[PDB]
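A quick write-up on the structure given underneath.
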Amino acid sequence: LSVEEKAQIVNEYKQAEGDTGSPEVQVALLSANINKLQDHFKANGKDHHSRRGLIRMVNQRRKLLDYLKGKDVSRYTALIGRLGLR
Amino acid sequence: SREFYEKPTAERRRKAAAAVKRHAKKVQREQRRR
Amino acid sequence: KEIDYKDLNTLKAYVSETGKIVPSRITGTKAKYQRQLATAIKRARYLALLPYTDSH
Amino acid sequence: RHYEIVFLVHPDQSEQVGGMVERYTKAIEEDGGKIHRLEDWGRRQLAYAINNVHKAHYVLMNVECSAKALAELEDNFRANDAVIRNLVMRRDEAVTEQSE
Amino acid sequence: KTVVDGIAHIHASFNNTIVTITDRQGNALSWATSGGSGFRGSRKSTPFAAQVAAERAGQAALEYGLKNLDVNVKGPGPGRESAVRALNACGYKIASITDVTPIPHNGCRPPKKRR
RNA sequence: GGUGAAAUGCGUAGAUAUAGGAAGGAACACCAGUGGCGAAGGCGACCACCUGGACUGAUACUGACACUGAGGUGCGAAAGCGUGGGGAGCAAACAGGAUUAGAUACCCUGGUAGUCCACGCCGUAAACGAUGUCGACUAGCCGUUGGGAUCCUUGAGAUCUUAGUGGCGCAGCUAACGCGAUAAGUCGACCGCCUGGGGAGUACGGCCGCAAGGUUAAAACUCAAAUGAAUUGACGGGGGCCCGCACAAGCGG
Numbered sequence: 003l004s005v006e007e008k009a010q011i012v013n014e015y016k017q018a019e020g021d022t023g024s025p026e027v028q029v030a031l032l033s034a035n036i037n038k039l040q041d042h043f044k045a046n047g048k049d050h051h052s053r054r055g056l057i058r059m060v061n062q063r064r065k066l067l068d069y070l071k072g073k074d075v076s077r078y079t080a081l082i083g084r085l086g087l088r
Numbered sequence: 034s035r036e037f038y039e040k041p042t043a044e045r046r047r048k049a050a051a052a053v054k055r056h057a058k059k060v061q062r063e064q065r066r067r
Numbered sequence: 019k020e021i022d023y024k025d026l027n028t029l030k031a032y033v034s035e036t037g038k039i040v041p042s043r044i045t046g047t048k049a050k051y052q053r054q055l056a057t058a059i060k061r062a063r064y065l066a067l068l069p070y071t072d073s074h
Numbered sequence: 002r003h004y005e006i007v008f009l010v011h012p013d014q015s016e017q018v019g020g021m022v023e024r025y026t027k028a029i030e031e032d033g034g035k036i037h038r039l040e041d042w043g044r045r046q047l048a049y050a051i052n053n054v055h056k057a058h059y060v061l062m063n064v065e066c067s068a069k070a071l072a073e074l075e076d077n078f079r080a081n082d083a084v085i086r087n088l089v090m091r092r093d094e095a096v097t098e099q100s101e
Numbered sequence: 014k015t016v017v018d019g020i021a022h023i024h025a026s027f028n029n030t031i032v033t034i035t036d037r038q039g040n041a042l043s044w045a046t047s048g049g050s051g052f053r054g055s056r057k058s059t060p061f062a063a064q065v066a067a068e069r070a071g072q073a074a075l076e077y078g079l080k081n082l083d084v085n086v087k088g089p090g091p092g093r094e095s096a097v098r099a100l101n102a103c104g105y106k107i108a109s110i111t112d113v114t115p116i117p118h119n120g121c122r123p124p125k126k127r128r
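Residue numbers (the deposited numbering), protein chains in the order written: chain o, 3 to 88; chain u, 34 to 67; chain r, 19 to 74; chain f, 2 to 101; chain k, 14 to 128.
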């Protein structure tokens, strides 16, 4: 979510340095933001208007993973072995 | 005044004619001002 | 430029005699600056730099 | 980060405000927090009563304190003080001057 | 006693008109209502009866001095402006009227609308 | 001396009430705007913190990753419902007081639930733009909100460009009303739904709910109709104009 967090999650998922847009980087930028927002909703449980911005991040990650799994499972298995997913 | 409670359905009924009496004010008077 | 709760010589020009904020149909002011006006009023008003009601 | 604190003090206590402020500066510098502006206005007359007073002493300051430096600074009139009303007002940058 | 200047209220409801003369020390001298002059019932919540009620505030205040007065008006009813001209006529050279009508900033909710 | 008209709380207990103080809840005048934000329900004081999405500008990247969506699963005004705080004001119930054939009501004076807060439930509204979502195209003119860019430029500004929000209106469509780049036009992808009026969104079953009940959902029987929009009239305790000894000056049962 931060400026320097979001620059560093780009930096170890890069794949050909100018890249910020591969489904590697986007799933990693989403997965970090989902995890950091889980602190918010233990403390702020009545906030439903911001859960919906989180469920959008869950669904935007699930579509990107189904994209990449159907396309290159070798990049899918490496990404899923990072990030602590599945 | 603020004598009675105005239930906010009938209080959200606004603009009597202000897009007529201030918008068509320079329209219906154009029979002479041309 | 960006009007501010400290600048009371600007804020007093849109405060009516009874203390009330004057609308945008009276003074010719843009809608961004009006809603920026009625925040700097309400900050100076809170901070006792301006009254809420006319009385004192 | 950047804040704009402006607080009143009760006018009978107007002689240790040079210490009040000073204490607030050293408490902000203890986390390296910069102080971009510090103005003491007059003993101005309020536009209404605050705790039945009619005159008060204004101090404005612009601060870049971290997070807990603000919280202890805000608690130096939240827990108790003889300072009244203040708005902390998060800003975005540093400044120059006011009071004509 | 003899006090030379005072502040003089008018409570100007839709039902009644109450006029109370005080001093700047706010203590009531002479009160006269629009139904205390023998009205009792329906008719005169009108500027007529406040013209009758404001003068009785006058010639009972003309016991302890009170040349100049300051008029505080409070309420929406008729008899609002016909109690301040019924007040200089009793020999008062009142400085300025002042309006104090209480307005909530949002406040309590009012009663139900009459049908 | 409220009002279509009066009746309850007050003076060996001071009466609407002071220029005064304190407490407590609850709502945030002015700003306020065919304004804004949100998927809808919704959200109005101010400041801080935590956070969501949009808009916007260039540039770089991924390379169809998209659209819709039966099931399902979330979120849903109000009022209700447990369980515990709270309780100003207002107020279903209810007590009186009026008004009337009666008044079980509309008006008055009160007033417990509720409204408020916390957690849990319900899952409904004329939840409406009575208009599913997404995409592409099709005359103009006049406002407005958030941006951006160009304009001699002072902006007092002007023009084009986007994303919203409105007012007219060409084509077209429409039974008409009307809609008309925010389509009800022109087409496309997918979903939901409808099949005369009653019976009836009702029984019975199932599921859900603590309840109130919701949701899914019929038949027997009955009638020749219901229904939409516009037209002429008549009518109105609708409105606006107008008239006459219609209204009261110097008549008389």
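A virtual CB, placed ideally from N, CA and C, is assigned to each residue, including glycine.
Check your understanding: Quick one: what does DSSP say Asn101/k is sitting in, helix, strand or coil?
Key -> coil
Check your understanding: Should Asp18/k be listed as close to the ligand GDP, given that the test is whether its C-beta is under 8 Å from any heavy atom?
Key -> The ligand GDP is not among the ligands present in this structure, which contains no ligands whatsoever.
Review point. What do you get for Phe37/u, buried or exposed, if any count of 16 or more other CB atoms within 10 angstroms of its CB means buried?
Key: exposed
Practice item. Note the first and the last residue of the continuous beta strand (DSSP E) segment covering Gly55/o. Key: Note, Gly55/o: premise wrong, no beta strand (DSSP E); alpha helix (DSSP H) at 53 to 73.
Review point. What does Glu36/u touch in chain k if you count any residue whose Cβ is under 7 Å from its own?
Key: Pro123
Review point. Is the Cβ-Cβ distance between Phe43/o and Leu32/o less than 9 Å?
Key: no
Point to revise | Residue from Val16/k, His22/k, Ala74/k whose Cα sits closest to the Cα of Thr114/k | key: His22/k
Practice item. Let me know the secondary structure DSSP gives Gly83/o once reduced to three states. Key: helix
Exercise for review: Going by CA-CA distance only, name the one from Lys126/k, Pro60/k, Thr30/k that's closest to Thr46/k.
Suggested key: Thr30/k
Point to revise | Anticipated Cβ contact below 8 Å, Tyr77/k with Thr15/k, distance rounded | key: 5 Å
Point to revise | Identity of the residue in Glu7/o, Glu14/o, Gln40/o nearest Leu81/o by Cα | key: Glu14/o
Point to revise | Interface partners of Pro89/k on chain u, CB under 8 Å | key: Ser34
Review point. Quick one: what's got a C-beta closer than 7 Å to residue 140/f's C-beta in the same chain, skipping five residues either side?
Key: Limits of chain f in this structure are 2 at one end and 101 at the other, which puts residue 140/f out of reach.
Exercise for review: Mind listing, in chain order, the continuous beta strand (DSSP E) runs of no fewer than 3 residues lying wholly within the segment 38 to 86 of chain f?
Suggested key: 58 to 64
Check your understanding: Could you give the distance in angstroms between the alpha-carbon of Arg43/r and the alpha-carbon of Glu6/o?
Key -> 46 Å
Review point. Buried or exposed: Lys57/k, going by 16 or more other Cβ atoms within 10 Å of its Cβ?
Key: buried
Exercise for review: At 9 Å on the CB atoms, spell out the chain r contacts of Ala68/f, in chain order.
Suggested key: Result: empty, since nearest Cβ-Cβ is about 23 Å, beyond 9 Å.
Point to revise | Pair within 9 Å by beta-carbon distance, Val29/o and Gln17/o | key: no
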